[PDB]
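Structure first, commentary second.
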Amino acid sequence: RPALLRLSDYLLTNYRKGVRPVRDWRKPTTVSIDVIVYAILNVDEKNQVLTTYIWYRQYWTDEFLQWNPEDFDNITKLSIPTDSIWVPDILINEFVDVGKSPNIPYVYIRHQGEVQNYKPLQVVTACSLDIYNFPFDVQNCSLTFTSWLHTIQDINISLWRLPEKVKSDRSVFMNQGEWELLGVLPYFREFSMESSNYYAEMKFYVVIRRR
Amino acid sequence: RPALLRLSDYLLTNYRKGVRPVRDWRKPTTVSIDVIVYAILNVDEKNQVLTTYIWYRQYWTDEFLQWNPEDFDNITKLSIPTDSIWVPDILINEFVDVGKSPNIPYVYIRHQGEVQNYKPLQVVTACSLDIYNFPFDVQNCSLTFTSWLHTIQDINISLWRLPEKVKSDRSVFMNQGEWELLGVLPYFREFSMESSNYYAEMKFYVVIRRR
Amino acid sequence: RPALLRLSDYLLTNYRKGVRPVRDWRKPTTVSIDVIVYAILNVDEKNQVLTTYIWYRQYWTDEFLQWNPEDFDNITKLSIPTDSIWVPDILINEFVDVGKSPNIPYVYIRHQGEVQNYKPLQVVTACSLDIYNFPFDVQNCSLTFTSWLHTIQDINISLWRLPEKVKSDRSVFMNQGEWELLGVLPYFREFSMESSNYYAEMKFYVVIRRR
Amino acid sequence: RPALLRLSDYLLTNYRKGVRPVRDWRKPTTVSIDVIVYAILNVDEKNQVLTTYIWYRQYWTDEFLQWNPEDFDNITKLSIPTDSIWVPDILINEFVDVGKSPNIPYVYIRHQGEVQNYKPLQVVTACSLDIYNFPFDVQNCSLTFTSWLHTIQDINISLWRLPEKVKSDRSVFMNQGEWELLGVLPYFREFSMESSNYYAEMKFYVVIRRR
Amino acid sequence: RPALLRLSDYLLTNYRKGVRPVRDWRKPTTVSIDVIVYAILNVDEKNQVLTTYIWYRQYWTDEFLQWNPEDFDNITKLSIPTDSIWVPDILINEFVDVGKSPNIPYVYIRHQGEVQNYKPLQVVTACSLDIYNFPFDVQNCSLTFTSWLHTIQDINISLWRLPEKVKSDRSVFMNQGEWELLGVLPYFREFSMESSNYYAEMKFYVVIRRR
Ligand SMILES: *[C@@H]1O[C@H](CO)[C@@H](O[C@@H]2O[C@H](CO)[C@@H](O)[C@H](O)[C@H]2NC(C)=O)[C@H](O)[C@H]1NC(C)=O
Ligand SMILES: *[C@@H]1O[C@H](CO)[C@@H](O[C@@H]2O[C@H](CO)[C@@H](O)[C@H](O)[C@H]2NC(C)=O)[C@H](O)[C@H]1NC(C)=O
Ligand SMILES: *[C@@H]1O[C@H](CO)[C@@H](O[C@@H]2O[C@H](CO)[C@@H](O)[C@H](O)[C@H]2NC(C)=O)[C@H](O)[C@H]1NC(C)=O
Ligand SMILES: *[C@@H]1O[C@H](CO)[C@@H](O[C@@H]2O[C@H](CO)[C@@H](O)[C@H](O)[C@H]2NC(C)=O)[C@H](O)[C@H]1NC(C)=O
Ligand SMILES: *[C@@H]1O[C@H](CO)[C@@H](O[C@@H]2O[C@H](CO)[C@@H](O)[C@H](O)[C@H]2NC(C)=O)[C@H](O)[C@H]1NC(C)=O
Ligand SMILES: *[C@@H]1O[C@H](CO)[C@@H](O[C@@H]2O[C@H](CO)[C@@H](O)[C@H](O)[C@H]2NC(C)=O)[C@H](O)[C@H]1NC(C)=O
Ligand SMILES: *[C@@H]1O[C@H](CO)[C@@H](O[C@@H]2O[C@H](CO)[C@@H](O)[C@H](O)[C@H]2NC(C)=O)[C@H](O)[C@H]1NC(C)=O
Ligand SMILES: *[C@@H]1O[C@H](CO)[C@@H](O[C@@H]2O[C@H](CO)[C@@H](O)[C@H](O)[C@H]2NC(C)=O)[C@H](O)[C@H]1NC(C)=O
Ligand SMILES: *[C@@H]1O[C@H](CO)[C@@H](O[C@@H]2O[C@H](CO)[C@@H](O)[C@H](O)[C@H]2NC(C)=O)[C@H](O)[C@H]1NC(C)=O
Ligand SMILES: *[C@@H]1O[C@H](CO)[C@@H](O[C@@H]2O[C@H](CO)[C@@H](O)[C@H](O)[C@H]2NC(C)=O)[C@H](O)[C@H]1NC(C)=O
Ligand SMILES: Cc1ccc(Sc2ccccc2N2CCNCC2)c(C)c1
Ligand SMILES: Cc1ccc(Sc2ccccc2N2CCNCC2)c(C)c1
Ligand SMILES: Cc1ccc(Sc2ccccc2N2CCNCC2)c(C)c1
Ligand SMILES: Cc1ccc(Sc2ccccc2N2CCNCC2)c(C)c1
Ligand SMILES: Cc1ccc(Sc2ccccc2N2CCNCC2)c(C)c1
Ligand SMILES: *[C@@H]1O[C@H](CO)[C@@H](O)[C@H](O)[C@H]1NC(C)=O
Ligand SMILES: *[C@@H]1O[C@H](CO)[C@@H](O)[C@H](O)[C@H]1NC(C)=O
Ligand SMILES: *[C@@H]1O[C@H](CO)[C@@H](O)[C@H](O)[C@H]1NC(C)=O
Ligand SMILES: *[C@@H]1O[C@H](CO)[C@@H](O)[C@H](O)[C@H]1NC(C)=O
Ligand SMILES: *[C@@H]1O[C@H](CO)[C@@H](O)[C@H](O)[C@H]1NC(C)=O
């Protein structure tokens, strides 16, 4: 048997995707996320919505999906389908349409149990867009990523990179459109409405000025 | 075996999603629902439809999905996929398009058997919108949630919160659009057309005035 | 074991959805249908199409899905997923878009073997719409429901209610739009093009006049 | 056991849908197709596309799905789900959108092994539409059906009916639109680009003149 | 047992689609791709997007899906469903909508282990389109195909045909639209943002001038 097949069997034959992948239920599943703005397709002042094509990546730890490499031909990482493992329900609020995003089949996994998921997002979000300064307008729209259902005691959200490095990330931006990206400011806040439930969310402010 | 995996097996290995989860078929499955209006994307007088982005949550009791925590490391609640359990067919009438709503994967479950389902709704509804008072227009559109198929003797609908607390809920409203939300008035009515079938539905009147 | 679970097992453990549910293949599967027009969202003279939101219900007999109640705690009816049983391919011709219709999960079943399926239809149909009498225009569009593949010797279509009761059914119509519903006239005809195949279809004429 | 269930088991318990249904791999799977134009919803000169609602039927021989009727209560034909058998990938080129077409569940099968599949097509195709003779314009758009992947040595395409009978088929046309159908001319051609691969396709020219 | 069924069983009974199909994990899975532009449906300067209907084909080697023909009636190639085998996540960046593309069921396979996948692409891409030379405008938009997740050490991308033959391929172009295709220039580049990850992508520049 080839090493990859042996490892895949050893991992997925005694694993089920329903449960949150933690040995002890008393510990939360920390998720680190990152956002890169690839393009700004449309900014609609009439409908107060804008479309952003952003490259989204996140990683978390599956305490069940870990192995010792020397028993599997020193395999340090491998790829398996995303639908064969637990995936956090980290969803962006303020959304109005996300169906344009294709579902990526595979996710990378490392022998420590770390899972890396890279996916694109074609999300259109609803936010306030004023046209007061039309000729030299500057807009401030926000993306907030949250564990839709799980509370902070189950899922917590953190940054993959340092805040300043992602705040000034124009490395892959399509810098030839009507809008110019000034920054992507992150922000962490604990959101709570009921008297006992706290949810963790991460707000990304996309700052853009017309040209 | 970790506690979460043991509990998930104990629950789902002797459970099937087809049946209504009640020990005695003679008792109805009471469902408590709540509605929060997150935004009002569009109000179309031409087509007599308006779009509402509302946060919808509901809970019910699965008499099969219950356990004693002290046998499972004092696990009081856990999350499992929504497609692995019975889910009421509580659907909003007056709808014209609901495909924009993403399907949430997970639902919370408590050791009493209570199931909590949080999901977003991007529903567009058809209702009468008059433009008689255009400059200072005030509209009155309704959302009615009902068990589409099940009668009252199988599924009944109630309120999660007290009516007055939800009638004046503007806690998460996007209060920067063309429309302002004055209230969300609930109302319970038994709907019957045939001589023997009674269905339970809950009408939510979204009252909005232009600005 | 609770009665519902016992009945569900007894029914679905020795049943498969591929075959037409009849003890003798020589007899057709009679399907009784009913149509209620809930609203008329749009009437497009330019594209010669109109949209109708109609509440559709049908019932048929599954000779396999029958039981004696006294052996199952006097259970006279129960609900199971629609995708777990055979469902007739009764489709409306003249259609141009039906994707807006959500798939209802459950269907009611009675101990006689009768299956009841309630579903909504957001169908848009192509029909001739003349604008000759625009100010006082009256239109006559038709919906024809047929077993798309099965011939009359396999599937036959009948009316749930008497023709006159459904011809004057405005009980749930949204009577506040641009169009007023005058009647829904049914009609049964045997449709045949090849020299040996006869198909049963039921035409519903929706008569509407502008206002 | 009823005859239908016995036959369905006998057929599908020793059958798998992946392979091409032929006893000898050296022989091609001949597919006979037919096209009937039910309506011409739209002809867009701006985008150079037109929409045709056509009734499509095809049949082929499954050498595995055959039986002797006298062993199954003289059952000469039966219906089973289309997703439970092999189906040719006969796809129409020149297409721009086909998602509007619903997937038909069932297909008829005869004891000889013949499979009959009736399905509707809401395809919109891209073809050259000149507006030179606008007031009395006559257009000539084509539909070409081909085995997308399989070569002629695996799948071949033929006509169900004689060419002249289908060339003058206006039997179910919606003859009340802006366009009138003059004929549907078939044509068979072997398409080859690589030095060794030949693919069989059937071109249907829909001839229409404005009115 | 017929040869095709024997081969399909021998192949797929000891094979799983999760893993990358290589005997040794230390070697990358080289993928050869080709692009043919069938039509240019729309070029939108307003939204800075253009739609291209391109015929896409690719092939790779599955080291598990190989056999010796003389043991299977000299079967040199056969077709099996695409969802039953591993398929590279080679996705086109710069995309804005790909849902229009239908999923092809089957893929060809040869006894060496080579897998051939032919599929159509209805992708709309976002690229800079200037209207400076409107009457005689010439545009330069790019398609870049990459292994979305897998690095170069896992998936590498190459050309099926020689660059010059594909650079001057107008063999199936719909040469009757508003735009004329001057060439499809390929280009290979190793894309890297993190300090250790290198991804292989292939850029195809579609050069078009108005007429
Ligand atoms: C959830 O994650 C956030 C972000 O990682 C945590 O917030 C940080 O916590 C550390 C340590 O307590 C502080 O030094 C930082 O100042 C906090 N803020 C940020 C922006 O990093 C939070 O404590 C975590 N909560 C739980 C329950 O895990
Ligand atoms: C866009 O909005 C964000 C959030 O309100 C602004 O970020 C804050 O700016 C204030 C300015 O005094 C700072 O004190 C805060 O520390 C900032 N918060 C974060 C999380 O960075 C941002 O400045 C706004 N941009 C524009 C152009 O108005
Ligand atoms: C279905 O639920 C509704 C709402 O919970 C019930 O209506 C209430 O019933 C209680 C007790 O009979 C009354 O005190 C309330 O006045 C009723 N109305 C409201 C708005 O709460 C109804 O009785 C239930 N029916 C069944 C069959 O369970
Ligand atoms: C919107 O419509 C609802 C339902 O008709 C109104 O709610 C009712 O208002 C009347 C006013 O006399 C009260 O007597 C009822 O008790 C109310 N019913 C409920 C369930 O609250 C509402 O007032 C309307 N709003 C506007 C602005 O017209
Ligand atoms: C298919 O069903 C239709 C409608 O139920 C049948 O047509 C009726 O048949 C009865 C009895 O023969 C007549 O009294 C009615 O006048 C017919 N028309 C209507 C509108 O009810 C038809 O006979 C059935 N055919 C088969 C083969 O079952
Ligand atoms: C709409 O069309 C239907 C079908 O042509 C009409 O129904 C027929 O009307 C004629 C009038 O003489 C009657 O003789 C038939 O018996 C009717 N058939 C059925 C099945 O009811 C209907 O009258 C038309 N409505 C309008 C307003 O023109
Ligand atoms: C594929 O099918 C086509 C159409 O049935 C075949 O073309 C016909 O072949 C017959 C017999 O050789 C000729 O008499 C006809 O003139 C051909 N054309 C038409 C339009 O019928 C073709 O030979 C078949 N090829 C294979 C390899 O099966
Ligand atoms: C539409 O195009 C088709 C294909 O070019 C035409 O069909 C051909 O017409 C020529 C006319 O001389 C004949 O010689 C060919 O035999 C025809 N081929 C087939 C397969 O029938 C058709 O005439 C065109 N129609 C119009 C109105 O221009
Ligand atoms: C990935 O594939 C590319 C293209 O096949 C390789 O690039 C070529 O490599 C060969 C041999 O090293 C050179 O002769 C060519 O000049 C390279 N460029 C092109 C355009 O062919 C690349 O080496 C491969 N890398 C890996 C790690 O497999
Ligand atoms: C479209 O853009 C491509 C990429 O920039 C151009 O291709 C390059 O053209 C330059 C011209 O000096 C050559 O030196 C490069 O070798 C070309 N690269 C490749 C990969 O072919 C192309 O010329 C542009 N076309 C137009 C009409 O502007
Ligand atoms: C009173 C109240 C309680 C809870 C909430 S929150 C919420 C409500 C319904 C559906 C989903 C949610 N969310 C939970 C955490 N993740 C984001 C969405 C509100 C608004 C009011
Ligand atoms: C005469 C008559 C009988 C019953 C109804 S109800 C209905 C009808 C068809 C399809 C669905 C329903 N519903 C059932 C309960 N849940 C809401 C929808 C009518 C209108 C007339
Ligand atoms: C000559 C001829 C034969 C049969 C038909 S019918 C048809 C044709 C193709 C696809 C579907 C159908 N249908 C069968 C019964 N159910 C409605 C659709 C025609 C038009 C011509
Ligand atoms: C050089 C060349 C070779 C083959 C073709 S064909 C093709 C190409 C890519 C994807 C699909 C196809 N097809 C195969 C047969 N069925 C229709 C589509 C071309 C154009 C050029
Ligand atoms: C700092 C940085 C690191 C990596 C990338 S890449 C990327 C990021 C998120 C999601 C997907 C990707 N991709 C990986 C390779 N395949 C194409 C997409 C960037 C932009 C910045
Ligand atoms: C795995 O790595 C260890 C440490 O580098 C080495 O000793 C061993 O030989 C390696 N085994 C294989 C199969 O490469
Ligand atoms: C569970 O809770 C009970 C009551 O608080 C306690 O006595 C027991 O030690 C707990 N067990 C674990 C494993 O935490
Ligand atoms: C079922 O109904 C019969 C007849 O009414 C009655 O005699 C019997 O006691 C019932 N059984 C149960 C369990 O309700
Ligand atoms: C089947 O058909 C044959 C020939 O017509 C006949 O002899 C036989 O009795 C039939 N069997 C049944 C069960 O109808
Ligand atoms: C397979 O091919 C070999 C070599 O051409 C030949 O000797 C053998 O007879 C063939 N077998 C069959 C079954 O065709």
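Chains as they are written, first to last, in the entry's author numbering: chain A, 31 to 241; chain E, 31 to 241; chain D, 31 to 241; chain C, 31 to 241; chain B, 31 to 241. Where is the CB? At the ideal position from N, CA and C, for every residue including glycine.
At 7 Å on the CB atoms, spell out the chain D contacts of residue i, in chain order.
{"i": "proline 58(C)", "result": "The premise fails here: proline 58(C) is roughly 26 Å from chain D at the closest Cβ pair, so nothing lies under 7 Å."}
{"i": "residue 17(E)", "result": "Because chain E is modelled from 31 through 241, residue 17(E) falls outside the range shown and cannot be assessed."}
Applying the 10 Å Cβ sphere with the 16-neighbour rule, what's the burial state of residue i?
{"i": "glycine 48(B)", "result": "buried"}
{"i": "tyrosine 228(B)", "result": "exposed"}
{"i": "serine 38(C)", "result": "buried"}
{"i": "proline 165(C)", "result": "exposed"}
{"i": "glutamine 78(E)", "result": "buried"}
{"i": "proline 118(A)", "result": "buried"}
Since residue i meets chain E, which of its residues come closer than 8 Å, beta carbon to beta carbon?
{"i": "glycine 48(A)", "result": "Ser38, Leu42, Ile110, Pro111 and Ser114"}
Please state the DSSP three-state secondary structure of residue i.
{"i": "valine 128(D)", "result": "coil"}
{"i": "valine 52(A)", "result": "coil"}
{"i": "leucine 192(D)", "result": "coil"}
{"i": "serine 109(E)", "result": "strand"}
{"i": "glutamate 75(D)", "result": "coil"}
{"i": "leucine 215(A)", "result": "strand"}
{"i": "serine 114(B)", "result": "helix"}
{"i": "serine 226(E)", "result": "coil"}
{"i": "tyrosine 40(D)", "result": "helix"}
{"i": "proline 150(E)", "result": "strand"}
{"i": "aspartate 101(E)", "result": "helix"}
So which residues of chain C does residue i contact, with C-beta pairs closer than 8 Å?
{"i": "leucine 192(B)", "result": "Those within 8 Å of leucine 192(B) in chain C number zero; the least Cβ separation is about 14 Å."}
{"i": "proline 118(B)", "result": "Simply none; closest approach about 17 Å."}
For ligand 4, is there a heavy atom less than 6 Å away from the beta-carbon of residue i?
{"i": "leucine 215(E)", "result": "yes"}
Interface residues of chain C around residue i at Cβ under 9 Å?
{"i": "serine 177(B)", "result": "Per Cβ cutoff of 9 Å: no residues; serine 177(B) is ~23 Å from chain C at best."}
Name the chain D residues that come within less than 8 Å of residue i, Cβ to Cβ?
{"i": "residue 13(E)", "result": "The structure shown has nothing for residue 13(E), since chain E only spans 31 to 241."}
Give the interface partners of residue i over in chain E, defined as CB-CB distance under 9 Å, in chain order.
{"i": "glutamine 88(A)", "result": "The contacting residues do not exist; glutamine 88(A) stays about 15 Å from chain E at best."}
Hey, is residue i close to ligand 7, as in C-beta under 6 Å from one of its heavy atoms?
{"i": "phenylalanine 234(B)", "result": "no"}
### Task
Decide yes or no for the touch test of the segment 157–167 of chain B against the segment 131–138 of chain C: beta carbon pairs closer than 8 Å, at least 3 of them.
Short answer: they don't touch.
### Query
Counting pairs of beta carbons, one from the segment 180–196 of chain E and one from the segment 139–146 of chain A, are three or more of them closer than 8 Å?
Below 8 Å, too few C-beta pairs join the segment 180–196 of chain E and the segment 139–146 of chain A to call them touching: fewer than three.
#### Entry: Inter-stretch contact (C-beta, 8 Å, three-pair minimum) for the segment 229–236 of chain E and the segment 91–109 of chain D
No: the two stretches stay apart, fewer than three of their Cβ pairs being nearer than 8 Å.
### Task
Please confirm if the segment 208–224 of chain A is in contact with the segment 85–92 of chain A, defined as three or more CB-CB distances below 8 Å between the two stretches.
The segment 208–224 of chain A is not in contact with the segment 85–92 of chain A.
### Query
Are at least three pairs of beta-carbons, each pair with one atom in the segment 47–65 of chain C and one in the segment 103–118 of chain B, less than 8 Å apart?
The segment 47–65 of chain C, when compared against the segment 103–118 of chain B, does touch it at the 8 Å Cβ threshold.
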